[PDB]
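Trainee: run_34.pdb (PDB, C-alpha atoms) pasted underneath:
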MODEL        1
ATOM      1  CA  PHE M   1      91.889 106.758  41.416
ATOM      2  CA  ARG M   2      89.318 108.494  39.209
ATOM      3  CA  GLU M   3      86.437 106.187  40.190
ATOM      4  CA  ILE M   4      85.213 106.512  43.776
ATOM      5  CA  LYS M   5      84.776 103.315  45.760
ATOM      6  CA  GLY M   6      83.180 104.870  48.811
ATOM      7  CA  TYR M   7      83.501 107.085  51.811
ATOM      8  CA  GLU M   8      84.331 106.747  55.472
ATOM      9  CA  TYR M   9      82.953 109.179  58.030
ATOM     10  CA  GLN M  10      84.460 109.633  61.482
ATOM     11  CA  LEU M  11      82.191 111.218  64.068
ATOM     12  CA  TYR M  12      82.072 112.316  67.646
ATOM     13  CA  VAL M  13      78.482 111.511  68.683
ATOM     14  CA  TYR M  14      76.645 112.199  71.936
ATOM     15  CA  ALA M  15      74.238 109.406  72.862
ATOM     16  CA  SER M  16      72.537 109.163  76.241
ATOM     17  CA  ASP M  17      74.648 112.181  77.213
ATOM     18  CA  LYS M  18      77.940 110.326  76.780
ATOM     19  CA  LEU M  19      80.429 110.934  73.978
ATOM     20  CA  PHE M  20      81.391 108.149  71.567
ATOM     21  CA  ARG M  21      83.577 107.843  68.490
ATOM     22  CA  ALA M  22      81.806 106.261  65.513
ATOM     23  CA  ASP M  23      83.085 105.391  62.052
ATOM     24  CA  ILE M  24      80.728 104.671  59.167
ATOM     25  CA  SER M  25      81.477 103.333  55.702
ATOM     26  CA  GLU M  26      79.311 104.367  52.767
ATOM     27  CA  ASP M  27      79.596 102.536  49.476
ATOM     28  CA  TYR M  28      79.576 104.940  46.558
ATOM     29  CA  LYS M  29      77.555 102.928  44.051
ATOM     30  CA  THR M  30      74.946 101.429  46.345
ATOM     31  CA  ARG M  31      75.005 104.081  49.119
ATOM     32  CA  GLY M  32      74.974 101.175  51.553
ATOM     33  CA  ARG M  33      76.228 102.092  55.013
ATOM     34  CA  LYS M  34      77.924 100.062  57.717
ATOM     35  CA  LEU M  35      78.940 100.874  61.277
ATOM     36  CA  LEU M  36      82.638 100.114  61.624
ATOM     37  CA  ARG M  37      83.379 101.450  65.085
ATOM     38  CA  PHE M  38      81.413 102.757  68.063
ATOM     39  CA  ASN M  39      83.444 103.112  71.227
ATOM     40  CA  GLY M  40      83.560 105.177  74.342
ATOM     41  CA  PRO M  41      82.907 107.096  76.337
ATOM     42  CA  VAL M  42      85.748 109.245  74.922
ATOM     43  CA  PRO M  43      87.078 112.647  75.978
ATOM     44  CA  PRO M  44      85.684 115.598  74.010
ATOM     45  CA  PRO M  45      88.010 116.856  71.292
ATOM     46  CA  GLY M  46      90.126 119.876  71.965
ATOM     47  CA  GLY M  47      89.516 123.070  70.087
ATOM     48  CA  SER M  48      92.819 122.442  68.282
ATOM     49  CA  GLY M  49      94.055 119.838  65.845
ATOM     50  CA  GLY M  50      94.707 116.260  66.834
ATOM     51  CA  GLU M  51      98.278 114.991  66.579
ATOM     52  CA  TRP M  52      98.815 112.068  64.208
ATOM     53  CA  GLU M  53     101.764 110.502  62.448
ATOM     54  CA  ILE M  54     102.696 107.564  60.288
ATOM     55  CA  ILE M  55     104.913 105.093  62.132
ATOM     56  CA  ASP M  56     107.097 102.282  60.819
ATOM     57  CA  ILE M  57     105.949  98.663  60.534
ATOM     58  CA  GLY M  58     108.617  97.079  62.713
ATOM     59  CA  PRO M  59     108.085  94.544  65.517
ATOM     60  CA  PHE M  60     106.029  96.870  67.752
ATOM     61  CA  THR M  61     103.583  97.471  64.911
ATOM     62  CA  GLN M  62     103.479  93.804  63.915
ATOM     63  CA  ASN M  63     102.584  93.062  67.549
ATOM     64  CA  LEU M  64      99.658  95.508  67.406
ATOM     65  CA  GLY M  65      98.411  93.489  64.427
ATOM     66  CA  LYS M  66      98.739  90.254  66.390
ATOM     67  CA  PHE M  67      96.786  91.874  69.214
ATOM     68  CA  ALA M  68      94.076  92.990  66.831
ATOM     69  CA  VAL M  69      93.673  89.494  65.371
ATOM     70  CA  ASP M  70      93.680  87.869  68.800
ATOM     71  CA  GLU M  71      90.958  90.256  69.954
ATOM     72  CA  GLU M  72      88.933  89.800  66.767
ATOM     73  CA  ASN M  73      89.080  86.039  67.224
ATOM     74  CA  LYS M  74      87.368  86.523  70.615
ATOM     75  CA  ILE M  75      84.532  88.296  68.761
ATOM     76  CA  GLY M  76      84.215  85.874  65.861
ATOM     77  CA  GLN M  77      82.675  88.201  63.291
ATOM     78  CA  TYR M  78      85.089  86.789  60.691
ATOM     79  CA  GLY M  79      85.559  83.258  61.963
ATOM     80  CA  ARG M  80      88.952  82.100  63.186
ATOM     81  CA  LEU M  81      91.641  84.292  61.638
ATOM     82  CA  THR M  82      95.394  83.709  61.342
ATOM     83  CA  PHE M  83      97.566  86.793  61.652
ATOM     84  CA  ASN M  84      99.822  87.363  58.643
ATOM     85  CA  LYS M  85     101.342  90.840  58.840
ATOM     86  CA  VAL M  86     100.731  94.558  59.178
ATOM     87  CA  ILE M  87     101.414  96.633  56.051
ATOM     88  CA  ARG M  88     102.052 100.329  55.487
ATOM     89  CA  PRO M  89     100.646 102.857  56.231
ATOM     90  CA  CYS M  90     100.225 102.585  60.007
ATOM     91  CA  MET M  91      99.022 105.675  61.845
ATOM     92  CA  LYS M  92      99.481 106.687  65.487
ATOM     93  CA  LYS M  93      97.315 109.360  67.109
ATOM     94  CA  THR M  94      98.266 110.840  70.475
ATOM     95  CA  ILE M  95      95.329 111.846  72.690
ATOM     96  CA  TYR M  96      96.319 114.440  75.295
ATOM     97  CA  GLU M  97      94.657 115.118  78.629
ATOM     98  CA  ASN M  98      92.314 118.130  78.589
TER
ATOM     99  CA  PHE N   1      97.625 119.091  76.509
ATOM    100  CA  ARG N   2     100.960 118.420  78.217
ATOM    101  CA  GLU N   3      99.838 115.154  79.849
ATOM    102  CA  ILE N   4      99.212 112.254  77.470
ATOM    103  CA  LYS N   5      95.974 110.333  77.886
ATOM    104  CA  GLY N   6      96.724 107.601  75.386
ATOM    105  CA  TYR N   7      97.263 106.583  71.824
ATOM    106  CA  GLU N   8      95.226 105.241  68.952
ATOM    107  CA  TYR N   9      96.805 103.088  66.263
ATOM    108  CA  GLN N  10      95.231 102.540  62.854
ATOM    109  CA  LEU N  11      96.459  99.507  60.948
ATOM    110  CA  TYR N  12      96.028  97.643  57.729
ATOM    111  CA  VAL N  13      96.415  93.988  58.782
ATOM    112  CA  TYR N  14      96.467  90.816  56.694
ATOM    113  CA  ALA N  15      94.772  87.898  58.446
ATOM    114  CA  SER N  16      93.949  84.628  56.714
ATOM    115  CA  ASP N  17      95.214  86.309  53.539
ATOM    116  CA  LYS N  18      92.513  88.985  53.587
ATOM    117  CA  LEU N  19      93.093  92.651  54.385
ATOM    118  CA  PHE N  20      91.333  94.326  57.316
ATOM    119  CA  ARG N  21      91.388  97.751  58.931
ATOM    120  CA  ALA N  22      91.952  97.653  62.696
ATOM    121  CA  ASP N  23      92.057 100.449  65.255
ATOM    122  CA  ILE N  24      93.536  99.947  68.712
ATOM    123  CA  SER N  25      93.469 102.234  71.732
ATOM    124  CA  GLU N  26      96.342 102.185  74.205
ATOM    125  CA  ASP N  27      95.988 103.920  77.541
ATOM    126  CA  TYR N  28      99.118 105.846  78.429
ATOM    127  CA  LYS N  29      99.245 105.221  82.173
ATOM    128  CA  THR N  30      98.172 101.594  82.281
ATOM    129  CA  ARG N  31      99.267 100.548  78.755
ATOM    130  CA  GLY N  32      95.930  98.766  78.519
ATOM    131  CA  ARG N  33      94.837  98.074  74.953
ATOM    132  CA  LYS N  34      91.420  97.707  73.373
ATOM    133  CA  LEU N  35      90.299  96.749  69.882
ATOM    134  CA  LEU N  36      88.036  99.506  68.598
ATOM    135  CA  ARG N  37      87.499  98.454  65.005
ATOM    136  CA  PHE N  38      88.221  95.417  62.837
ATOM    137  CA  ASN N  39      86.464  95.442  59.495
ATOM    138  CA  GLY N  40      86.918  94.170  56.009
ATOM    139  CA  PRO N  41      87.997  92.844  53.735
ATOM    140  CA  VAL N  42      89.173  96.287  52.529
ATOM    141  CA  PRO N  43      91.039  97.335  49.386
ATOM    142  CA  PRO N  44      94.810  97.694  49.802
ATOM    143  CA  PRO N  45      95.962 101.279  50.250
ATOM    144  CA  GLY N  46      97.343 103.126  47.295
ATOM    145  CA  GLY N  47     100.962 104.123  47.208
ATOM    146  CA  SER N  48      99.804 107.735  47.614
ATOM    147  CA  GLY N  49      98.093 109.678  50.361
ATOM    148  CA  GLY N  50      94.484 109.139  51.302
ATOM    149  CA  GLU N  51      92.084 112.039  50.792
ATOM    150  CA  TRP N  52      90.367 113.320  53.934
ATOM    151  CA  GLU N  53      88.558 116.472  54.950
ATOM    152  CA  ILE N  54      86.586 117.963  57.788
ATOM    153  CA  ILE N  55      82.927 118.425  56.885
ATOM    154  CA  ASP N  56      80.224 120.515  58.538
ATOM    155  CA  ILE N  57      77.805 119.168  61.151
ATOM    156  CA  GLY N  58      74.566 119.957  59.344
ATOM    157  CA  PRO N  59      71.597 117.616  58.826
ATOM    158  CA  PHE N  60      73.488 115.062  56.698
ATOM    159  CA  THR N  61      76.079 114.664  59.444
ATOM    160  CA  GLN N  62      73.473 114.557  62.209
ATOM    161  CA  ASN N  63      71.812 111.740  60.243
ATOM    162  CA  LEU N  64      75.078 109.768  60.165
ATOM    163  CA  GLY N  65      75.069 110.038  63.964
ATOM    164  CA  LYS N  66      71.497 108.756  64.118
ATOM    165  CA  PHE N  67      72.534 105.862  61.892
ATOM    166  CA  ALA N  68      75.481 105.075  64.120
ATOM    167  CA  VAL N  69      73.317 104.999  67.256
ATOM    168  CA  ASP N  70      70.639 102.904  65.570
ATOM    169  CA  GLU N  71      73.271 100.392  64.474
ATOM    170  CA  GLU N  72      74.951 100.368  67.886
ATOM    171  CA  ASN N  73      71.602  99.670  69.520
ATOM    172  CA  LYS N  74      71.380  96.495  67.391
ATOM    173  CA  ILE N  75      74.718  95.419  68.917
ATOM    174  CA  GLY N  76      73.967  96.355  72.515
ATOM    175  CA  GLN N  77      77.514  96.823  73.775
ATOM    176  CA  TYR N  78      76.376 100.010  75.542
ATOM    177  CA  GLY N  79      72.769  99.174  76.318
ATOM    178  CA  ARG N  80      69.960 101.146  74.713
ATOM    179  CA  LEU N  81      71.285 104.541  73.641
ATOM    180  CA  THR N  82      69.395 107.719  72.721
ATOM    181  CA  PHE N  83      70.947 109.819  69.981
ATOM    182  CA  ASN N  84      71.671 113.398  71.044
ATOM    183  CA  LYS N  85      73.856 115.078  68.429
ATOM    184  CA  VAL N  86      77.050 114.956  66.405
ATOM    185  CA  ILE N  87      79.703 117.527  67.354
ATOM    186  CA  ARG N  88      82.722 118.922  65.532
ATOM    187  CA  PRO N  89      85.096 117.742  64.155
ATOM    188  CA  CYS N  90      83.577 115.312  61.646
ATOM    189  CA  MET N  91      85.908 113.793  59.071
ATOM    190  CA  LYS N  92      85.147 112.360  55.627
ATOM    191  CA  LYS N  93      87.608 110.098  53.813
ATOM    192  CA  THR N  94      87.142 109.292  50.130
ATOM    193  CA  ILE N  95      88.306 105.818  49.072
ATOM    194  CA  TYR N  96      89.041 105.625  45.342
ATOM    195  CA  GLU N  97      88.982 102.552  43.131
ATOM    196  CA  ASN N  98      92.440 101.093  42.443
TER
ENDMDL
END
Can the structure in the file be given as structure tokens, please?
Mentor:
Amino acid sequence: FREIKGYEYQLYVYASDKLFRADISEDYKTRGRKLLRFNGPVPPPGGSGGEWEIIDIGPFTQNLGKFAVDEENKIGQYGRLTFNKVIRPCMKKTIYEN
Amino acid sequence: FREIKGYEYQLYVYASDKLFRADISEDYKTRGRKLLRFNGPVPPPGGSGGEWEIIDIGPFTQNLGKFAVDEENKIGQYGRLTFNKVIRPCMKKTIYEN
């Protein structure tokens, strides 16, 4: 916990006049960067703090993991994957209407 | 801010015995789900809290946005995009070595 492994940056980015969410990893030692997420268009953030909480890892959460693996298998970036389980911590963010 | 637009779930998921980070959106009204991120393998989370902070939107952050758009243009999910700007809030997470 003394040695840094890397960073993750989460951005709201306007491109072609539409708003996207993008996540970027940056390795500490090599400075190498990777795009992890780029989705939208998304609503602009409110001037107040987002609402987020850790949720349990019961059946609903396990099912989100199954969904994620099923959707990733349609993409194929990592070959054919077999879902094992979701572990703690799981986070839920609630996005409110303007 | 009274009406919910949807939720976002952030998971650590084991698939084929490797650990990935996955993010899922869930629309409130339709319950429709989308995979937004699935990357790894990633280190397992520590038993303590992750370290995260909001950072300014100066040149370094603008450059992360340019990177994100350049990388998304190599994917093409949204056509050819033109970077405009990164807006607040931008978040930085530090991932420490085990």
Trainee: Report the residues retrieved by the ChimeraX specification (/M :<7) & /N from the displayed file, expressed as a PyMOL selection string.
Mentor: chain N and resi 1-17+22+35-39+65+68+71-72+81-88+90-98
Trainee: Centre and edge lengths of an axis-aligned box around all listed atoms of stretch 86-92 of chain N, with 8 Å added on each side, are to be given in Å to one decimal, as AutoDock Vina command-line options.
Mentor:
--center_x 81.5 --center_y 115.6 --center_z 61.5 --size_x 24.9 --size_y 22.6 --size_z 27.7
Trainee: Interatomic distance between atom CA of residue N:58 and atom CA of residue M:50?
Mentor: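 The value is 21.8 Å.
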Trainee: Atom CA of residue N:74 to atom CA of residue N:56: how many Å, to one decimal?
Mentor: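 Computed distance, atom CA of residue N:74 to atom CA of residue N:56, equals 27.1 Å.
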